[PDB]
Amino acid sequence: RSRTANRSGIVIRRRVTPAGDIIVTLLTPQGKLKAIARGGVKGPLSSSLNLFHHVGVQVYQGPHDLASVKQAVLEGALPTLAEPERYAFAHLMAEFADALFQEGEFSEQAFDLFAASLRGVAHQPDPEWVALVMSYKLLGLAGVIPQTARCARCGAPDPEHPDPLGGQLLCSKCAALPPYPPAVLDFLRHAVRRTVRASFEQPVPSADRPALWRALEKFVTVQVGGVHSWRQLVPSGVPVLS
């Protein structure tokens, strides 16, 4: 066999190093990939290795630890991601996906769903809704265990209330907060199993979305280790003025 390999995926992070190297993380159908393009800023590879580009790369893994990029070819771009609102949601999906899947957990199915999330944010009228739908859908492919059929505390069937401690759901007896409204509940109960096409057709109104983002944040942070810096990108206000 050989120490050089062809890989293909989407750039989710780009670091320009003090030496002018470019360190990228990619999501690919064969897993997460970190690699360095040496003297990359000042040569032919700089523009291709940018956020959200689908690139083909030839990488070399030395015998003894970061893979080095020998060639890079742009396979796919979404120019509309330069629109600030779309960029923001693409960026959320990128950091969220990286946070959600630990090393080895990132499958081909996850790659395909991730790529579709970027297409959706790039092309659809309501990119926040794409990101809500896709982020919940990715829970089904990862190491967390979604559980909406029983109260997270006592086990009672069909809980309808927020779970501030674990980010699941509580029954009316275990809960100190009012029930989620019906469209929120319906989303929470079915978002993992429902096709993304089906979910895109049933958007939850904007007023009910903070509840959805909050539940997602609590659940992921309780279930998955890490810093969950991706929460910096969850919708949290519109900037004032320039």
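From 1 onward, residues are counted along the sequence shown.
*Asks:* Going by the record, give me the number of deposited-sequence residues missing between residue 64 and residue 65 as none, 1 to 3, 4 to 9, or 10 or more.
*Replies:* 1 to 3 residues are missing.
*Asks:* Do the C-alpha atoms of 48-56 or of 212-220 have the higher average B factor in the entry?
*Replies:* The deposited B-factors put 48-56 ahead on the C-alpha mean.
*Asks:* When the C-alpha temperature factors are averaged for each of 22-30 and 38-46, which stretch ends up with the higher value in the entry?
*Replies:* The deposited B-factors put 38-46 ahead on the C-alpha mean.
*Asks:* Please work out which residue in 159, 104, 167, 140 has the highest C-alpha B-factor recorded for this crystal structure.
*Replies:* Of the candidates given, the C-alpha B-factor peaks at 104.
*Asks:* Relative to the other modelled residues in the chain, which third contains the C-alpha temperature factor of residue 71: lowest, middle or highest?
*Replies:* For residue 71, whose C-alpha B-factor we compare with every modelled residue in the chain, the answer is the highest third.
*Asks:* What third of the chain, by the recorded C-alpha B-factor, contains residue 81?
*Replies:* Middle third by C-alpha B-factor.
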